[PDB]
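See below for the structure under consideration.
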Protein chains: 2
Amino acid sequence: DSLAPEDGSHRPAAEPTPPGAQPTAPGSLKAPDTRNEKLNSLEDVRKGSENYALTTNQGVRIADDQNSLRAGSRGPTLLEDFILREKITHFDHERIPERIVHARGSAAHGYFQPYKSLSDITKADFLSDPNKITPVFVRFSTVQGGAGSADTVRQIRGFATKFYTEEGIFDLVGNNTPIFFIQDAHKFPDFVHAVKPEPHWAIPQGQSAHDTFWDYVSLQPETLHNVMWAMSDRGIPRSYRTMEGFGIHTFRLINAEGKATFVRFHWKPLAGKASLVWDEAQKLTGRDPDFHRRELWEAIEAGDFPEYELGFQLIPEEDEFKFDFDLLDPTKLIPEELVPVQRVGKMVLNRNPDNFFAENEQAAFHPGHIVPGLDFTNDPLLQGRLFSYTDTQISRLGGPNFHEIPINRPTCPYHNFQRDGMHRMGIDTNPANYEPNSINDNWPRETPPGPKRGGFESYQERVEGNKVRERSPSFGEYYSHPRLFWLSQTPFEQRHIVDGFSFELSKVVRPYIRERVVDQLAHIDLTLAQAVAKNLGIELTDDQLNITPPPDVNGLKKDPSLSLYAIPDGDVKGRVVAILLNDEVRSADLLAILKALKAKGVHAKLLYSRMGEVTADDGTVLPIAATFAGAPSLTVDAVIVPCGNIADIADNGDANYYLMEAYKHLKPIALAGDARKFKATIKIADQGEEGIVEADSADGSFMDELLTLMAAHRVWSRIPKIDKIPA
Amino acid sequence: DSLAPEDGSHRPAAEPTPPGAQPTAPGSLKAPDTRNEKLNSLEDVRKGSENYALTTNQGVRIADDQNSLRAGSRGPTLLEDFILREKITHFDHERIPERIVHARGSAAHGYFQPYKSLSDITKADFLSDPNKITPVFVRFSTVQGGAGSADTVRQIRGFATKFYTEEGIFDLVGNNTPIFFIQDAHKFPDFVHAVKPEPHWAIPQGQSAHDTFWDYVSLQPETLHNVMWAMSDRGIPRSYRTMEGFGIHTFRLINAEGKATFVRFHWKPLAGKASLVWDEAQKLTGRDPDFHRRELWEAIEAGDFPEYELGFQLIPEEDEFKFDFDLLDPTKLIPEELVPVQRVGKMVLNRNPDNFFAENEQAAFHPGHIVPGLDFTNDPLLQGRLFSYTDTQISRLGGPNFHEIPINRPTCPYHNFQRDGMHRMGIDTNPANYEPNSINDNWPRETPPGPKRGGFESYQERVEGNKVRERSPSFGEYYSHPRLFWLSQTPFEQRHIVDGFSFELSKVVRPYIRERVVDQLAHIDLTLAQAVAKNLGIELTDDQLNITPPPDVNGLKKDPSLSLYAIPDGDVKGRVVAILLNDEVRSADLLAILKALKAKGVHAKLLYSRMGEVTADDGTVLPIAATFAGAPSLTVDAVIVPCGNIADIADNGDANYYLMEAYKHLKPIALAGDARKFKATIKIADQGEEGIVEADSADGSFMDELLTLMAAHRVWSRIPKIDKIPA
Ligand code: HEM
Ligand code: HEM
């Protein structure tokens with residue numbers, strides 16, 4: 001019974017389509033021709049459904065999946081109903097522990113390839129040949145919230161990449177800021193407990209605006225640098241496609257000759273850097289808590305594949321101690337003005353998973369999963385991470401055989417003497433389960449280290465010191481990097497940082513904690529400190545006003561690569577505009593609008609006061625994607641109002657509020673013909689305002705203007721005009 | 001180190017205080033003198049902290065909890081650091097699986113007492129004497145979202161109560177609507193999978209506005225009754241304190257003479273019935289996703305204990321077949337006009353937990369946990385529940401000894417021959433682990449059924465029929481209960497139902513699903529169907545326009561007890577009002593305002609454009625609780641603006657928007673003296689309007705008028721006026 005619509009509209013077309021054009025679908029059904037070695041290797045466990053009989057897990061066909069077995073139709077359920085019990089038992093045991101941190105995340109499949117061979121600095125196989133492609137699986141995430149929390153919270157974001165190389169799995173488990181909050185892994189449980197929901201009542205969920213977080217920060221000044229990044233607009237990215245990625249720690253690259261080079265890993269977003277504004281981000285956690293997850297999935301379904309460039313900061317071994325900060329301190333960044341990022345390769349995410357639980361939820365990343373050609377360093381945060389990931393996956397994934405869960409399996413050979421464990425899939429035929437053995441002629445065998453396909457050998461770093469629980473004295477500087485970050489931001493970025501601290505500390509109930517945090521800000525920069533204090537009704541003391549600013553970082557008074565917006569990097573492909581329809585749209589305006597958006601790869605969403613269709617002035621039937629309230633301005637990058645019967649929507653509260661919200665949030669707005677009467681609602685300018693595109697009709701020049709604004713992301717010059725608007 | 005402020009302001013006073021006045025805290029520290037038998041029995045496992053040395057879990061004192069052990073202060077971390085490894089190991093394994101459904105929930109401790117002995121209808125010990133107090137632990141929840149999802153989503157809410165009786169634990173596991181979506185437990189996994197996030201991409205999180213839910217609903221008309229309740233304002237309660245509770249199924253009461261009486265369980269909120277409006281609820285999931293958890297905790301800390309009256313609908317065994325519907329069908333309600341609710345007792349929730357994870361997350365409720373004096377029925381949804389909760393707790397709580405986790409332990413004696421299992425706490429000394437035995441003289445021993453303290457014996461219900469997987473023909477009626485619900489709602493409640501369906505179906509991407517749901521609505525009520533269709537741009541066919549409405553339910557064409565608001569039951573105690581300050585408030589207005597609110601137990605929050613303090617006209621220093629943006633109008637019940645230097649905030653966008661938002665969401669607003677200048681912000685006429693209180697000062701009847709409006713909850717007559725308003 002209950003069947004598909006006659007017309008076949010239940011099923012999405014298996015071709016690239018813009019967001020909202022078709023229902024989303026499992027990756028293998030949406031893009032069956034998109035393949036890679038890892039995607040193909042998962043074919044053994046993919047399960048179809050069309051034309052198959054419904055069965056139990058033991059393969060018994062079910063005749064009635066609507067009713068339990070009972071003694072009479074109004075009688076008691078019987079214990080012998082094994083079909084009911086198997087179905088309910090499986091349902092009852094669907095959940096597994098969420099990740100302790102980074103539980104909220106969104107993932108996709110893709111591939112990587114180097115631009116040229118890097119064999120002179122590393123023997124890693126995946127970086128040895130420009131035409132050797134390596135499948136990847138990437139998961140982006142937030143830190144604090146649970147798996148069911150919201151996407152556009154203010155938080156550091158995780159950026160984890162699993163490379164399925166020919167010499168083993170390499171996991172590059174990074175975040176979207178170049179430093180971490182703490183120096184030693186021993187404090188991780190303390191820091192995480194402080195940022196997570198407070199233990200008595202389990203509030204608040206995915207935001208750091210609460211007493212315990214700011215108490216920890218105020219008592220542990222090493223956290224200030226990453227706190228500065230979190231309070232900036234870096235903490236509220238527009239998309240996972242428009243943020244940077246960093247490995248944070250200094251690692252080593254080892255070449256065939258045995259030479260070690262220190263390296264820091266970077267990902268550069270080829271769509272550019274872009275973030276939301278706080279009010280927008282917070283409201284969007286309510287209007288669409290799945291915004292980043294959705295946006296990633298739809299970009300891949302549209303062909304707007306997330307693309308990132310891998311880059312390396314390289315420091316010779318002999319230059320380990322030449323900076324004014326320790327290279328092994330994860331609260332310190334290496335300014336690009338001192339050590340440039342060398343481009344290494346490109347990563348493209350081009351296919352969504354088939355099943356979120358099987359592939360995203362069960363994926364296991366670990367920074368200890370390195371390969372020959374790579375090695376660790378003594379960074380005390382990284383050292384502790386090496387223990388933790390393996391340990392947590394034993395309980396999260398139910399045993400030691402988590403590498404046999406399909407998404408986690410290597411695509412290269414794996415053979416050893418490990419056996420058994422819960423849910424053991426591999427059936428070993430080796431007569432031996434130990435080495436050395438004579439009974440299988442000692443196979444599988446050890447392999448000496450070498451230039452290629454060699455066994456792993458650690459770099460023989462010299463270790464000299466007593467067994468101590470002590471922080472290196474070189475790590476005891478906490479204010480210069482925060483200050484370098486502060487001075488590198490534009491004026492509007494600085495304002496947003498001030499507003500971030502002010503908002504968060506206004507939610508701290510104990511006033512002395514707010515004062516202690518302001519005291520720490522006074523050791524970074526007095527202008528920043530005074531601006532936050534003023535918003536909290538706090539007065540800096542005379543001593544606070546006389547704190548000497550921290551020294552410059554190796555002579556730098558600023559580094560523009562630390563700003564999101566100082567150096568233009570805008571890219572409109574993949575962005576989306578809202579088009580507010582009316583019941584008699586001028587089709588000539590629409591035609592020109594859609595053509596210009598199409599030429600730059602910008603999507604459109606047609607909105608109205610109701611769902612269904614509206615008919616343009618030439619008879620074209622226009623399906624409505626959503627209502628004005630249903631897809632708020634928060635979800636788009638710009639708003640366009642075509643001419644037609646403007647009287648239809650001129651007095652619509654939601655239509656007017658749509659423009660007020662977009663205006664407040666600094667988005668470009670374009671008004672054609674009679675749509676220019678909406679200028680009154682955003683109560684500003686009569687001769688026009690930079691940021692507002694207006695003309696008698698939507699034409700080539702009107703669209704060029706709008707698209708130029710869109711490439712600059714937001715209208716920062718409108719900032720002074722928005723705090724009067726009631727929106 | 002000694003980091004607390006010397007003034008002791010880090011610690012909350014151990015006395016009842018209003019929301020926001022002090023930092024919240026663990027229940028036993030906030031209210032040490034609030035006790036009950038269960039709370040006292042948990043003293044064996046409560047752990048303090050003050051004045052104790054920091055140790056490992058083995059009791060070894062720790063000297064340096066800031067650093068890992070390494071070879072040299074910049075060297076590698078050593079494997080012999082057992083302190084680091086224990087600390088990180090425990091952190092790595094903190095999470096357990098969340099509940100499969102109702103994962104998001106908030107709980108508190110309390111007590112229950114019957115008004116009079118019910119010995120004539122039940123032998124249940126907890127209902128046998130008015131002076132018998134039974135400790136309870138209650139958990140309120142949503143259904144779909146994860147543990148980290150938001151509170152004010154549109155969903156059915158769970159209302160689960162664990163009664164720690166002298167004859168065993170009784171768990172009454174109910175919801176906030178009197179029926180469930182489905183009829184047979186065999187479809188529970190299907191219904192739940194349809195409402196939960198879609199499997200390819202895991203979206204959307206806590207809202208049912210997506211294709212698979214409405215696909216299922218459109219193909220299974222049995223769901224329409226509970227869907228009607230979810231689309232009404234019942235799906236968005238103001239607080240867990242202001243919603244009703246129901247057991248849903250017909251159970252049995254058994255008295256000492258062996259007579260069975262059918263019973264349906266009800267909880268009546270002594271604070272009244274109250275819900276939010278959709279736009280407010282959805283925006284509140286972003287501004288404060290923990291609103292209901294917070295509100296419950298703060299109500300209890302303030303002394304505004306959540307109070308509920310337990311009531312029974314009783315039906316004699318001989319009247320089983322006297323209704324138009326089957327008593328065993330969980331998609332059908334029993335109209336109070338046909339069978340009144342008899343008041344049974346009162347439950348008061350008066351203490352929060354100490355540790356959310358230990359007490360709330362690990363609590364295990366199960367409808368199969370009944371006691372002598374109660375029994376089950378053949379309702380086919382209830383029958384399947386009896387299997388599922390035991391099964392799911394084995395994996396959720398790590399084994400069969402979950403009854404030994406402190407919160408789940410009975411307060412009465414428990415002795416049997418069950419042994420071992422993971423995490424076994426009890427050390428059995430019985431020589432025997434089986435019965436019958438002679439080696440311990442057969443103890444513990446079976447106990448015959450009797451009037452008091454007897455063994456459990458099932459009611460000897462006659463069973464007759466063949467073994468079949470078949471729905472009773474008596475359950476095959478799906479539209480009369482939905483229609484009865486619809487006709488019992490006020491006109492504004494009907495509009496909100498129409499708006500709920502309209503918004504939800506507008507998020508369904510496949511248009512045919514929207515059409516099929518509209519067709520089902522046409523079988524319930526033509527006005528409802530036409531209004532939803534209009535909002536979707538769908539036209540009803542002539543056939544749909546002629547579908548004959550379903551019959552009345554036992555001659556009823558409405559039952560006012562199904563409405564939230566048809567019969568006023570307003571209670572102002574525990575509500576909160578925002579007070580928008582200026583930099584020279586008229587102290588006289590503020591004195592009058594705050595004392596009037598205090599006299600009725602209404603809380604206040606003093607808001608401004610920054611934190612700190614403001615000084616009134618007479619020099620009174622006024623502490624600011626939050627900024628206008630920090631504590632939006634969504635979080636309060638009414639807004640008051642006192643006179644003073646109104647020019648200070650008159651052009652503040654946030655202050656004006658605060659009133660626009662409150663106005664749109666139908667909240668009472670009161671403006672004193674020059675604060676009447678804000679009338680132009682919300683377009684109020686010079687002569688005024690119902691729902692807006694205004695006078696020259698806050699004296700006289702100004703506060704009485706505002707409190708009268710608060711008692712009516714919202715200003716329903718303003719609906720037509722908010723239609724426009726750009727907010
Ligand atoms: C530079 C500092 C760090 C970065 C960049 C980082 C990054 C991440 C990321 C991106 C994830 C999520 C991976 C996924 O998507 O599944 C994650 C998970 C995790 N992190 Fe780290 N983290 C850092 C520090 C630490 C430390 C110091 C510890 C403990 C010593 C730690 C313990 C964990 C654990 C236990 C998980 C859960 C993994 C799982 O369940 O599979 N992290 N981290
Ligand atoms: C009248 C219909 C139902 C009502 C009123 C109801 C109510 C609830 C409530 C309030 C909870 C949360 C208890 C807590 O706070 O921990 C819950 C959890 C649960 N429900 Fe039910 N439910 C119903 C139907 C069902 C059915 C038909 C099944 C399966 C056959 C089911 C399976 C579960 C499971 C497995 C849990 C999680 C329990 C745990 O993990 O401890 N429910 N339900």
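Residue numbers start at 1 in each chain; chains themselves are named A, B, ... in the order of the structure tokens; ligands are numbered from 1 in the order shown.
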Inset, instruction - Dump the neighbourhood of ligand 1 as a PyMOL selection string: all residues within 6 Å, distances computed on only C-alpha atoms and all ligand atoms. - result: (chain A and resi 99-102+139-140+158-160+173-175+180+185+188+248+364-365+381+384-385+388-389+392-393) or (chain B and resi 92)
Inset, instruction - Give me, as number ranges by chain, the contact residues of chain A against chain B at a cut-off of 6 Å, counting only C-alpha atoms. - result: A: 2, 26, 67-76, 84, 92, 95-97, 146, 148-149, 186, 199-201, 282-283, 285-286, 354-356, 378, 392, 465-472, 535-537, 610-612, 652-654, 656-657, 723-727
Legend entry - Shell around residue 644 of chain A at 7 Å using only C-alpha atoms, local window under 2 positions removed, as JSON, numbers by chain: {"A": [582, 584, 585, 586, 642, 646]}
Legend entry - Contact residues around residue 292 of chain B with only C-alpha atoms at 6 Å, ignoring same-chain residues under 3 positions, as a ChimeraX atom specification: /B:151,239,295
Inset, instruction - Would you work out the distance separating atom CA of residue 337 of chain B from atom CA of residue 554 of chain B, expressed in Å to one decimal? - result: 10.0 Å
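We find atom CA of residue 599 of chain A and atom CA of residue 704 of chain A to be spaced 11.0 Å apart.
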